[PDB]
Amino acid sequence: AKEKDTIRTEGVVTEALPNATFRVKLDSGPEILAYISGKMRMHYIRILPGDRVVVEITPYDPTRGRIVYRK
Amino acid sequence: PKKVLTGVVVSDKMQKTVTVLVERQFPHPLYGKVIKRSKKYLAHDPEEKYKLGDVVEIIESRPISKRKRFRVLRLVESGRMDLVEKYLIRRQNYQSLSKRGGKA
Amino acid sequence: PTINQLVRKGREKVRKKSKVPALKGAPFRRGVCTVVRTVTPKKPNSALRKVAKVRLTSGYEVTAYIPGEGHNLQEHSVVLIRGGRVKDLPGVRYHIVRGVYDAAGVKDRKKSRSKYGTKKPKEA
Amino acid sequence: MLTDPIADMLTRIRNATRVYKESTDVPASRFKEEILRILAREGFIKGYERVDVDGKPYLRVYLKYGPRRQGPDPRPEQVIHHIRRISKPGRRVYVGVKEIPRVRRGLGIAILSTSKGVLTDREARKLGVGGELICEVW
Amino acid sequence: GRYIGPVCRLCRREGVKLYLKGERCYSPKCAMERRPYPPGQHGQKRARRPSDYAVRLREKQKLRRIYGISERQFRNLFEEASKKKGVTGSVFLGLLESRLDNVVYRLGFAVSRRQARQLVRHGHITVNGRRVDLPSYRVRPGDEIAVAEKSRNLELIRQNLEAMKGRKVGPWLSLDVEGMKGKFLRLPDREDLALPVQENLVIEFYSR
Amino acid sequence: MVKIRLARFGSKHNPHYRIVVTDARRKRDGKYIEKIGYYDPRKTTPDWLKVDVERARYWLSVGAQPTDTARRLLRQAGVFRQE
RNA sequence: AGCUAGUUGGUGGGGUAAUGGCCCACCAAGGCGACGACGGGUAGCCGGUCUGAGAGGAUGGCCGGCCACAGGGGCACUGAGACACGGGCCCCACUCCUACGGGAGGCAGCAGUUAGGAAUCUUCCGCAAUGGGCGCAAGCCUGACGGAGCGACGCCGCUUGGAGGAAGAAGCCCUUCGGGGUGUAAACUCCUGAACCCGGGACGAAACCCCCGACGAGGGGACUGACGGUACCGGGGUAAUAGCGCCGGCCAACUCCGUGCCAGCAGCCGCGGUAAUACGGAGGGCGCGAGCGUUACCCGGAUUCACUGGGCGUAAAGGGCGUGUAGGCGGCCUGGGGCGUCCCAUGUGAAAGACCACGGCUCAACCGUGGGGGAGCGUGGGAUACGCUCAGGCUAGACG
Ligand SMILES: [Mg+2]
Ligand SMILES: [Mg+2]
Ligand SMILES: [Mg+2]
Ligand SMILES: [Mg+2]
Ligand SMILES: [Mg+2]
Ligand SMILES: [Mg+2]
Ligand SMILES: [Mg+2]
Ligand SMILES: [Mg+2]
Ligand SMILES: [Mg+2]
Ligand SMILES: [Mg+2]
Ligand SMILES: [Mg+2]
Ligand SMILES: [Mg+2]
Ligand SMILES: [Mg+2]
Ligand SMILES: [Mg+2]
Ligand SMILES: [Mg+2]
Ligand SMILES: [Mg+2]
Ligand SMILES: [Mg+2]
Ligand SMILES: [Zn+2]
Numbered sequence: 001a002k003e004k005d006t007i008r009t010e011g012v013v014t015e016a017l018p019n020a021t022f023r024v025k026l027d028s029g030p031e032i033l034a035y036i037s038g039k040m041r042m043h044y045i046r047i048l049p050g051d052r053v054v055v056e057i058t059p060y061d062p063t064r065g066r067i068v069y070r071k
Numbered sequence: 002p003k004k005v006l007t008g009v010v011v012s013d014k015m016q017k018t019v020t021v022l023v024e025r026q027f028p029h030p031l032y033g034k035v036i037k038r039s040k041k042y043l044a045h046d047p048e049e050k051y052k053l054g055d056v057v058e059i060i061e062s063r064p065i066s067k068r069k070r071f072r073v074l075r076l077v078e079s080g081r082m083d084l085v086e087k088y089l090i091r092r093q094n095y096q097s098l099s100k101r102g103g104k105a
Numbered sequence: 005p006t007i008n009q010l011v012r013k014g015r016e017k018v019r020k021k022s023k024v025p026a027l028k029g030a031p032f033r034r035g036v037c038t039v040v041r042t043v044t045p046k047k048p049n050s051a052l053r054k055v056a057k058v059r060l061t062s063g064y065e066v067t068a069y070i071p072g073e074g075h076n077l078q079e080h081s082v083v084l085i086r087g088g089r090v091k092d093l094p095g096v097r098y099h100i101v102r103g104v105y106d107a108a109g110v111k112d113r114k115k116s117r118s119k120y121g122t123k124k125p126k127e128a
Numbered sequence: 001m002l003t004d005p006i007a008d009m010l011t012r013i014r015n016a017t018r019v020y021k022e023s024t025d026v027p028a029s030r031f032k033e034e035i036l037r038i039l040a041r042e043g044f045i046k047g048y049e050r051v052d053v054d055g056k057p058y059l060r061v062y063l064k065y066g067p068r069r070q071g072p073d074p075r076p077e078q079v080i081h082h083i084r085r086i087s088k089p090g091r092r093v094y095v096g097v098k099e100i101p102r103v104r105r106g107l108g109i110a111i112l113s114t115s116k117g118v119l120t121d122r123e124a125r126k127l128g129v130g131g132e133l134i135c136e137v138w
Numbered sequence: 002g003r004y005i006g007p008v009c010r011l012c013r014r015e016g017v018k019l020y021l022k023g024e025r026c027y028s029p030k031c032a033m034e035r036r037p038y039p040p041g042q043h044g045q046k047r048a049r050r051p052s053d054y055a056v057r058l059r060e061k062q063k064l065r066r067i068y069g070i071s072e073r074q075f076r077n078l079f080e081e082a083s084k085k086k087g088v089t090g091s092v093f094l095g096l097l098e099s100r101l102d103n104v105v106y107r108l109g110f111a112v113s114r115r116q117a118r119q120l121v122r123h124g125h126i127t128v129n130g131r132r133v134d135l136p137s138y139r140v141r142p143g144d145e146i147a148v149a150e151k152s153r154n155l156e157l158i159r160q161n162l163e164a165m166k167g168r169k170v171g172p173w174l175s176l177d178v179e180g181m182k183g184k185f186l187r188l189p190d191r192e193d194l195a196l197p198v199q200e201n202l203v204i205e206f207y208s209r
Numbered sequence: 001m002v003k004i005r006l007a008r009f010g011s012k013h014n015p016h017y018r019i020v021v022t023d024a025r026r027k028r029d030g031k032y033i034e035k036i037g038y039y040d041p042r043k044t045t046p047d048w049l050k051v052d053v054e055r056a057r058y059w060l061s062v063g064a065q066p067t068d069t070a071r072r073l074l075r076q077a078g079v080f081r082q083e
């Protein structure tokens with residue numbers, strides 16, 4: 001099925017944590033742990049610690065999000 | 002039948018009582034090797050009669066004191082500290098293994 | 005070892021160690037949710053597994069996995085833990101029975117419904 | 001010292017036969033000779049005789065073998081494919097006549113030592129007795 | 002309770018022909034007649050080499066699906082033949098062949114095993130007089146297996162016992178078509194039965 | 001007081017007693033001193049009562065005191081018949 | 001890793017049914033321990049049970065045997081017997097009554113309530129049967145017991161039908177668009193006839209008692225069922241529940257669609273980042289079937305604690321080396337003993353369960369009867385090869 005309570009809000013890469021991990025601060029309100037989307041990692045697309053990025057956030061855990069749009 | 006046993010009188014220090022050291026033998030239940038186990042019985046000797054080193058037959062008796070249910074039935078063979086030895090020395094080793102140790 | 009050695013020291017029976025302190029070795033244990041967060045998979049997996057800290061009646065407070073398409077698990081929602089690790093979520097040794105207590109069963113299930121506490125779909 | 005004579009013998013035999021010696025010596029003892037008696041009887045060895053090596057008594061044990069073989073490794077088949085001590089000092093093995101094993105589905109034998117002498121298993125079973133289970137052989 | 006459902010699909014899956022219907026299963030229609038392949042959307046696709054398991058599983062499923070019996074019963078029956086002396090393979094078949102519902106079928110009282118079951122259930126059968134409606138009743142040597150007098154007028158019992166005129170019977174049996182009786186002479190032996198089964202496998206399957 | 005009574009060994013709706021000799025204080029189905037017979041209240045087999053009368057007589061020879069029913073069954077197998 | 005002062009023994013006395021440091025006075029200085037004392041932890045023990053090829057491992061509900069306890073602690077009284085679950089006293093805790101002085105309680109009996117918990121039943125019927133206490137007896141008491149009740153909790157039995165019926169409906173799935181599958185499955189015809197209605201209706205119960213007979217043996221008579229108007233019997237009679245798990249491999253069962261390292265699966269290896277037999281549904285299939293699946297725990301697989309039956313040069317594993325205590329092990333010949341060891345007889349190894357046989361209930365589950373097996377230990381008799389022991393001898397080990 002796949003519910004639809006997902007979101008695409010944007011933000012900026014803050015920290016450059018380990019294993020394709022980032023502090024990404026949502027333009028919206030705060031920042032989340034944000035991990036690099038599979039797609040994106042498969043197509044490489046390095047991601048500097050200060051880029052505007054798109055996030056996929058499950059209301060289930062706003063605290064986390066996946067980076068969708070590369071830059 | 003009142004169980005009868007045999008052993009060496011390793012202790013003579015009491016009044017009207019002797020310590021008989023009955024040695025037992027039997028196969029170990031799982032490993033089967035025959036193993037020699039043993040135990041001390043305080044046999045009743047009213048006449049002092051039996052002295053340290055003797056081999057006596059012990060006989061199941063009516064309680065005589067707490068921890069004492071055997072009477073010396075008869076002497077099998079007199080004197081033989083070679084056995085009292087084993088005992089004493091074994092005890093003496095104890096007097097070590099704990100914090101310091103016992104001379105070899 | 006020599007036979008004599010065996011007689012002396014002998015073999016040591018193995019001690020099994022429970023992998024589910026659902027205490028009192030119960031089959032299930034019920035508790036209350038503390039947090040209904042989400043966690044990331046391990047070594048080679050990616051996804052947002054739904055998880056939940058649980059205060060057990062057994063006194064313990066553990067992390068349980070929420071099986072299914074989508075739950076309705078909140079906070080003070082009473083739930084029943086059932087034990088079952090999850091290779092991707094370390095620190096997660098139990099699954100949460102769906103269809104018991106505050107854990108509503110999976111809606112729109114038509115297959116292994118029993119393992120998702122969802123009644124028989126009244127087919128017309 | 002020579003810790004276990006009976007094993008020492010079976011081993012010498014096992015060792016010699018493995019390299020196909022014709023004969024082979026072993027320090028004699030009544031008990032040892034007795035066992036060989038069965039060995040000979042059951043046809044595991046050609047037989048044996050009392051000899052004097054360097055002044056002390058031994059027992060030549062004339063070994064026996066299958067015939068020459070074909071293709072690679074014409075080495076004969078063994079007559080004594082097996083032979084193992086069972087009762088060993090510091091681990092004696094006694095059996096009741098009902099607990100007497102049947103070596104190799106009967107094709108092999110086991111030599112017991114009973115108060116009725118040193119008989120094989122059939123001999124013991126027949127005579128309704130048990131004893132130390134000296135060794136199996138097949 | 003017993004299988005109940007399309008039966009010739011089993012016939013097909015088991016490859017071998019099973020007579021779970023009596024008539025027709027002789028007519029050019031047991032489907033194993035032009036369609037000896039398994040049921041379902043893949044029936045005609047190539048068969049990959051079956052696994053040791055597969056084989057044993059299938060052999061058992063076969064034998065069992067023949068006498069139409071619950072794995073539960075089938076198994077216990079097996080475990081029984083196992084304990085009893087005598088080559089298990091045989092003993093087992095002998096026991097399956099001792100079920101009342103089977104004999105009623107082996108005596109032409111019924112067209113098929115299923116039907117015989119029902120006859121037993123609806124009390125149309127006799128065992129030395131007293132009627133017995135337990136399809137799993139163990140018929141044993143000496144037992145006469147009649148037909149309910151009351152039922153002796155039933156068209157079915159008539160048609161059945163009619164065509165039975167002429168037809169011979171198993172050598173471990175014997176039936177008197179007149180009074181609609183028959184005796185269970187002896188437990189049939191492996192040779193006596195001609196089941197498309199390799200019971201050495203069925204034994205091995207319960208080995209695992 | 002040692003007695004001679006029945007011990008229930010049947011099963012629901014299927015009673016089968018055992019004419020036993022047991023001290024008077026034991027559970028009716030407890031450890032008995034000796035069995036000496038059996039009894040099938042429903043006579044579901046030709047043989048539905050046996051009594052080692054040799055034995056009975058012995059126990060009675062020593063204070064055995066039978067239940068009224070136990071005495072019944074006994075009598076019924078000439079336990080006392082002194083012809 | 002050391003423990004011990006009533007602690008170990010003795011003499012006298014108390015005490016009990018009785019032996020005893022059980023208790024006491026006096027005397028002696030003993031008693032226990034690495035063959036593991038003392039201390040800590042955990043636990044009622046057993047017949048058995050579960051698993052296992054076995055050895056073994058695990059277990060000790062229900063049934064039978066024993067023990068311990070009866071809110072926690074202590075104590076005695078009465079008695080053949082108790083330190084006495086529905087007897088007594090005291091202390092503690094808790095509860096209820098209290099005119100505040102003081103009193104009353106104890107379901108770990110049946111049922112039931114409440115609490116805790118994932119979770120465990122009826123405040124039922126009966127005393128007819130079996131058994132128990134009292135009574136000369138009639139009889140009274142009996143939540144022991146016999147039954148019914150609820151719960152697929154387990155085991156066994158049984159039904160949802162049977163036979164016919166297209167080169168094969170429709171719908172749904174797939175298609176190489178020819179067709180293939182669901183499938184004789186259905187529809188339909190015919191047959192039988194669970195439920196259900198009617199009638200009959202039980203074994204279990206023959207004693208105690210009464211009469212003849214002497215209150216004996218023996219013979220006759222009477223009363224008595226909860227279950228139950230149930231079991232079962234006979235007549236009538238309806239085609240009349242099916243679900244659950246699984247189909248990547250271990251492992252029996254494959255395709256289309258949806259999704260797109262997401263949502264999710266997951267026991268392990270792993271699967272999912274646009275052709276996914278591994279996710280979600282569908283068609284089809286495999287397996288079981290009033291069950292099916294899950295979780296938990298035990299045995300198995302695991303010769304992965306290896307007695308059966310494992311090992312240590314480099315994988316985990318030789319002690320840094322020696323001297324040496326205890327202990328383990330012990331060359332050749334002969335004699336005594338007969339402790340081990342072997343044999344025979346005999347006693348014990350309860351019943352139940354296990355195994356076999358026959359039998360009872362339509363079968364089976366369940367149950368009855370009979371038979372066989374059974375380690376261990378007791379007693380008597382025997383054997384002596386090996387082991388032990390004792391004695392004698394020897395030089396092949398060792399020492400000089
Ligand atoms: Mg989604
Ligand atoms: Mg406890
Ligand atoms: Mg094993
Ligand atoms: Mg008194
Ligand atoms: Mg009470
Ligand atoms: Mg009564
Ligand atoms: Mg009464
Ligand atoms: Mg497969
Ligand atoms: Mg796809
Ligand atoms: Mg093992
Ligand atoms: Mg080993
Ligand atoms: Mg290894
Ligand atoms: Mg290493
Ligand atoms: Mg070294
Ligand atoms: Mg020697
Ligand atoms: Mg002896
Ligand atoms: Mg029968
Ligand atoms: Zn067919």
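Chains as they are written, first to last, in the entry's author numbering: chain W, 1 to 71; chain Q, 2 to 105; chain L, 5 to 128; chain H, 1 to 138; chain D, 2 to 209; chain P, 1 to 83. All C-beta atoms in this analysis are idealised placements derived from N, C-alpha and C, irrespective of residue type, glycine included.
First and last residue of the uninterrupted alpha helix (DSSP H) at residue i
i	result
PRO5(H)	5-18
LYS61(D)	53-67
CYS31(D)	Unbroken run through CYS31(D): none, as it is neither H nor E.
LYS87(Q)	82-95
Same chain only: Cβ atoms within 8 angstroms of residue i, ignoring 5 sequence neighbours per side
i	result
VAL26(H)	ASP8, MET9, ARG12, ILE13, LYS32, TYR58, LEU59 and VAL61
Test: residue i CB closer than 7 angstroms to a CB of chain Q
i	result
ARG91(H)	yes
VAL11(L)	yes
Any C-beta of chain H under 7 angstroms from that of residue i
i	result
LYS52(Q)	no
Cutoff 7 angstroms: residue i Cβ touching any chain L Cβ
i	result
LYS34(Q)	yes
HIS29(Q)	yes
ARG46(W)	no
CB contact below 7 angstroms: residue i versus chain W
i	result
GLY72(L)	no
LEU84(L)	no
Integer Cβ distance of residue i from residue j, believed to fall under 8 angstroms
i	j	result
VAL43(L)	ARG53(L)	5 angstroms
residue 210(D)	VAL140(D)	Outside the shown range of chain D, which is 2 to 209, sits residue 210(D), and nothing can be said about it.
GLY6(D)	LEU108(D)	Not confirmed; about 26 angstroms, so no contact.
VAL97(H)	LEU133(H)	About 12 angstroms; that fails the 8 angstroms criterion.
Residues near residue i by beta carbon distance below 6 angstroms, same chain, minus five either side
i	result
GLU200(D)	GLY90
7 angstroms Cβ shell around residue i - same chain, five flanking residues per side excluded
i	result
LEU186(D)	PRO142, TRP173, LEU174 and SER175
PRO125(L)	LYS114
Residue i - containing beta strand (DSSP E), residue span
i	result
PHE27(Q)	18-28
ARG72(Q)	71-78
Chain W contacts from the stretch 26-46 of chain L (Cβ-Cβ distance under 7 angstroms):
Here the close residues are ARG41, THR42 and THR44.
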